[PDB]
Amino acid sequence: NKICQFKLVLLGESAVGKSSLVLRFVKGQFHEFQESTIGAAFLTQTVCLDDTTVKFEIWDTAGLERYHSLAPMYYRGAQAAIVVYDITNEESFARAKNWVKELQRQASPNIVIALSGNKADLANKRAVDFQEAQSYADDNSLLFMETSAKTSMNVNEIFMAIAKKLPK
């Protein structure tokens, strides 16, 4: 057995569900009335795989554009990121691609990036097709899953996928 620590950053447009995703993963909780994040929140949680305890130090950033220039302070030295969009919001997916780009240009060369298509419980209001997002993920070596912080769908799974990919 052994313990590996990694800094992980959550990025994406306001209200896509970043704080909900991480609350689900960390606490097994979800709030319908979750408050918009001011600045950034710190959280931590572990997964275990292949005898290895993988400990995430998580920075949950405020998505509001006014906080854009603070983001690089939080993804400095981050070994993983989750860029989150809202499947019911195609524009949130456009903003997600621009976060992925910024990460490619400005983050550590080793960063493992996951893409979350969140609020997938609202699939009857889907605006972003699964295969479009998958194609974008595949083309950029991103780990992509549709998640729902509300139901818990694929929440643990996305963090486990990151852990697998990280150098251990």
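So that there is no doubt, residue numbering starts at 1 and follows the sequence shown.
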Max C-alpha B-factor within the set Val26, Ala123, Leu115, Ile58 falls on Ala123
Chain-relative C-alpha B factor for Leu8 (record values, thirds): the lowest
So, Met153's CA B-factor, relative to its chain, sits in which third? The highest
In terms of its chain's C-alpha B-factors, the third that includes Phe30 is the lowest
Split the chain's modelled residues into thirds by Cα B-factor; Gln45 lands in the lowest
